[PDB]
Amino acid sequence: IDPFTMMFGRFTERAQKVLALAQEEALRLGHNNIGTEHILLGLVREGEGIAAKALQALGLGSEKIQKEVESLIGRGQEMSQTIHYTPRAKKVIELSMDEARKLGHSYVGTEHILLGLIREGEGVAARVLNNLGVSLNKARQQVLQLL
């Protein structure tokens, strides 16, 4: 597409840590790939950015979110220390950048990963967030108000 849309080096260190913590969450659960649920688990494990405070503002603590995620996924048997992001987990990252662009932000923070998780739609993370009653627009409202 248009290379004036293509901008690299924009993920904040905290956003990169969320995505890094997701590989840890997956291997903790013994899974063979990093899915949307592990990005959500990594997001609430970080718990210090705008996404965490937006989720707190909607009455969702990390405890409640963890158990809802665990309620929808199992535990794996994978032992490979080399693990990859699922195609839909990469979709979350792509949508995170697309959301930052449309909000006019020159960075990709944890708030955009939260919105990317919701916008991805089909994965466990979107289910969990919808199951706990946070809509895309409520989440947008909360992020924009916090900024």
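One rule holds for the numbers: they count along the sequence shown, beginning at 1.
Using only the Cα atoms and their B-factors as the entry lists them, report which of 119-127 and 14-22 averages higher. That would be 119-127.
Going by the average Cα B-factor in the PDB entry, point out whether 76-84 or 30-38 comes out higher. According to the PDB entry, the answer is 76-84.
Rank-wise, by C-alpha B-factor, drop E68 into the lowest, middle or highest third of its chain. It falls in the middle third of the chain.
In terms of the chain's CA B-factor thirds, is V108 lowest, middle or highest? Bottom third by C-alpha B-factor.
Which third, lowest, middle or highest, does the C-alpha temperature factor of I50 belong to within its own chain? Middle third by C-alpha B-factor.
Position of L43 among the chain's modelled residues by C-alpha B-factor, lowest, middle or highest third: Its C-alpha B-factor belongs to the middle third of this chain's values.
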